[PDB]
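Q: Fold the following.
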Amino acid sequence: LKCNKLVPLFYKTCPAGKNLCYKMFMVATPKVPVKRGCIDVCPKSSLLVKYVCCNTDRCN
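A: Numbers count the residues shown, from 1 in each chain. Let me share the structure:
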């Protein structure tokens, strides 16, 4: 399993680390992404920070 990351590079792998790849956006006002990595769940979501999880591979 591999996805993209904010780290200065391109995409990383998360086979043993996790099994999914989600992103963390912020709706403070200007709207902007800030936390994208791999997770095993997606129990987060409000009105001042969104998140996009995916497990199709190459979809992140």
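Q: the strands in the chain, which residues?
A: Listed in chain order, the strands of the chain (DSSP state E) span 2-4, 11-13, 20-26, 32-39, 51-54.
Q: what's the closest of those strands to residue 45?
A: Nearest of those to residue 45, taken as C-beta to C-beta: strand 51-54 at 6.0 Å. (Each C-beta comes from the backbone N, C-alpha and C, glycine too.)
Q: hey, C-alpha coordinates of stretch 53-60 in CSV?
A: Presented in CSV, the C-alpha positions along stretch 53-60 are these (Å, rounded to 0.1, in the frame of the first residue of the first chain):
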residue,chain,number,x,y,z
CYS,A,53,-9.2,8.9,3.4
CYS,A,54,-8.7,6.5,0.6
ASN,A,55,-7.6,2.9,0.0
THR,A,56,-7.7,2.5,-3.8
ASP,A,57,-4.0,3.1,-4.1
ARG,A,58,-2.7,5.9,-6.4
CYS,A,59,-5.9,7.8,-5.3
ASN,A,60,-3.9,10.0,-2.9
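Q: Which positions in that stretch come out as buried?
A: 53, 60 (16 or more other C-beta atoms under 10 Å).
Q: Stretch 17-27 too?
A: For stretch 17-27, the neighbour count (16+ other C-beta under 10 Å) marks 18, 20-24 as buried.
Q: CSV for those, including distance to residue 12?
A: Below are those laid out as CSV (distance: C-beta to C-beta, whole Å):
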residue, distance to residue 12
18, 11
20, 13
21, 9
22, 13
23, 14
24, 16
